[PDB]
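As a starting point, one isolated chain is supplied in structure tokens, in the form deposited without the named molecule.
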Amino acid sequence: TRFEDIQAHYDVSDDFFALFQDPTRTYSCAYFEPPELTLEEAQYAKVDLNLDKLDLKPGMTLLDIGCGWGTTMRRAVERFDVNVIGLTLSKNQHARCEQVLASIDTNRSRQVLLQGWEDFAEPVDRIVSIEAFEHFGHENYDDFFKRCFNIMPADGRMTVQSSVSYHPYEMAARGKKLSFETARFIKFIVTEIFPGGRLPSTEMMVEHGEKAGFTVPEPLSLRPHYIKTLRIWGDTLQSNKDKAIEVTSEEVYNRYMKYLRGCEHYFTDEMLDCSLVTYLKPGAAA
């Protein structure tokens, strides 16, 4: 009701995001390995970083939870010769993914579903989830990891890439001034950028996975890559200010410059992180 309306206020057209993102319209941390990659190349490098952890063999089925514009699923079909299932809650992303997957020269099964993981109960081999706020941004971590564990075979693996904060206790350790300042900035992100969202901690991502029965090796920090990503997003949005304002408003432009510049700052000050966590079932190949 009211809340919904107050949140709907912060809905932004896909056309605005196109004015700061790379041509793939990837809205997640890029991977600058090597460091000289373009943003677009680094976004393909991040997809590869995720898929290369999943022990994908031809004829397997990969589930993409929050499949975005279909880039991850397409790369998986092309590189690994796998079937793919994507989950998205965006009608626009659903339509684009169906066309992206239909375009692929393959006999492998390609399916895109307009639903959450809560309503998904089909057997799959491997799972990838890259900064899926619509799926991994509303708690019920115990149900999420239990679902992922139960739909995979004995050798199942999953990657989840997510922005993270620290427990208030850990934040206090690194300055009380900076601790409050960060907590107020997180409140802005979860009010105006990802309304109703909840930023997990790495410790939560690890411990909820372990409780479900997964082996969880040391998470990969993407912090330095997200600083680079947010710098390019900010610099690109600023270079398109007139076009961005015309498509939305000066309010929305200022909101996203605050978000992009702000995240770069709190990432640089090591008050935010980005974790790529691998979840291994007990029977996962060594």
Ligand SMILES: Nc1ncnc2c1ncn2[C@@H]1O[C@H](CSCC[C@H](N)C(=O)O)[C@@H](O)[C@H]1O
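Residues that one form lacks are left out of the comparison. Residues carry their position along the shown sequence, with the first being 1. C-alpha atoms forming the largest set that superposes within 1.5 Å between two forms make up the rigid core.
**Q** Quick check on the record: does 36 to 44 or 214 to 222 carry the larger mean Cα temperature factor?
**A** Per the PDB record, 36 to 44.
**Q** What stretch has the higher average Cα B-factor here, 45 to 53 or 234 to 242?
**A** The recorded data point to 234 to 242.
**Q** If I read the C-alpha B-factors straight from the PDB entry, which of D125, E131, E203, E181 is highest?
**A** Spelled out: the listed residue with the top C-alpha B-factor is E181.
**Q** Among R147, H135, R157, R75, which carries the highest Cα B-factor?
**A** That would be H135, according to the entry.
**Q** Considering every modelled residue of the chain and its Cα B-factor in the PDB entry, is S163 in the lowest, middle or highest third?
**A** CA B-factor rank for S163: lowest third.
**Q** When the deposited Cα B-factors of this chain's modelled residues are ordered and cut into thirds, is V247 in the lowest, the middle or the highest one?
**A** For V247, whose C-alpha B-factor we compare with every modelled residue in the chain, the answer is the highest third.
**Q** With respect to C-alpha B-factor, does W117 fall in the lowest, middle or highest third of the chain as deposited?
**A** As the PDB entry reports it, the C-alpha B-factor of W117 lands in the lowest third of its chain.
**Q** Which third, lowest, middle or highest, does the CA B-factor of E139 fall in along this chain?
**A** Ranked within chain, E139 CA B lands in the highest tercile.
**Q** When the deposited Cα B-factors of this chain's modelled residues are ordered and cut into thirds, is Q21 in the lowest, the middle or the highest one?
**A** Answer is middle: the recorded C-alpha B-factor places it there.
If you look for the form deposited with the named molecule bound, you will not find it shown, but the lines that follow are about it.
**Q** Open site or blocked site for the named molecule in this chain, with its pose taken in the bound PDB entry and fitted by superposition, and blocked meaning 3 or more ligand atoms within 2.4 Å of backbone or C-beta?
**A** Transferred pose: blocked.
**Q** Consider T61 of the chain shown here, and say whether it contacts the named molecule in the bound PDB entry, taking contact as heavy atoms within 4.5 Å.
**A** Looking in the bound PDB entry, residue contacts with the named molecule do not include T61, since no heavy atom lies within 4.5 Å.
**Q** So, in the bound PDB entry, is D155 in contact with the named molecule at a 4.5 angstroms heavy atom limit?
**A** Close contact is absent here: in the bound PDB entry, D155 is far from the named molecule, nothing within 4.5 Å, heavy atoms only.
**Q** Classify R110 as contacting or not contacting the named molecule in the bound PDB entry by the rule of any non-hydrogen atom within 4.5 angstroms, answering yes or no.
**A** Taking the distances in the bound PDB entry, the answer for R110 is no, it never comes within 4.5 Å of the named molecule.
**Q** Taking the named molecule as it sits in the bound PDB entry, is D125 in contact with it (heavy atom to heavy atom, 4.5 Å or less)?
**A** It does not: once the named molecule is placed as it appears in the bound PDB entry, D125 has no heavy atom within 4.5 Å of it.
**Q** Which of 51 to 59, 22 to 30, 213 to 221, 241 to 249 has heavy atoms within 4.5 Å of the named molecule in the bound PDB entry?
**A** Flagged stretch: 22 to 30.
**Q** The named molecule in the bound PDB entry: within 4.5 Å of a heavy atom of each of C67, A132 and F136?
**A** Every listed residue reaches the named molecule in the bound PDB entry, so yes.
**Q** Identify, from the list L89, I104, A183, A172, the residue with a heavy atom within 4.5 Å of the named molecule in the bound PDB entry.
**A** Flagged contact: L89.
**Q** Work out which of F149, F80, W117, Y166 lies within 4.5 Å of the named molecule in the bound PDB entry, going by heavy atoms.
**A** It is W117.
**Q** Residue by residue through 184 to 218, which ones have a non-hydrogen atom no more than 4.5 angstroms from the named molecule in the bound PDB entry?
**A** Result: empty, none.
**Q** Would you indicate which listed residue, out of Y166, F133, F80, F214, moves its Cα by 2 Å or more between the shown form and the other one relative to the superposed core?
**A** Single residue meeting the criterion: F133.
**Q** How does the CA gap of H135 and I186 change in the bound PDB entry versus this form, closer or farther, if it moves 3 angstroms or more?
**A** So the answer is closer.
**Q** Once you compare with this form, do the C-alpha atoms of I193 and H138 lie closer or farther in the bound PDB entry, given a change of 3 Å or more?
**A** Farther, not closer.
**Q** Can you give me the runs of at least three consecutive residues whose Cα atoms all move 2 Å or more between the shown form and the other one, with the core used for the fit?
**A** Run moving 2 Å or more: only 133 to 139.
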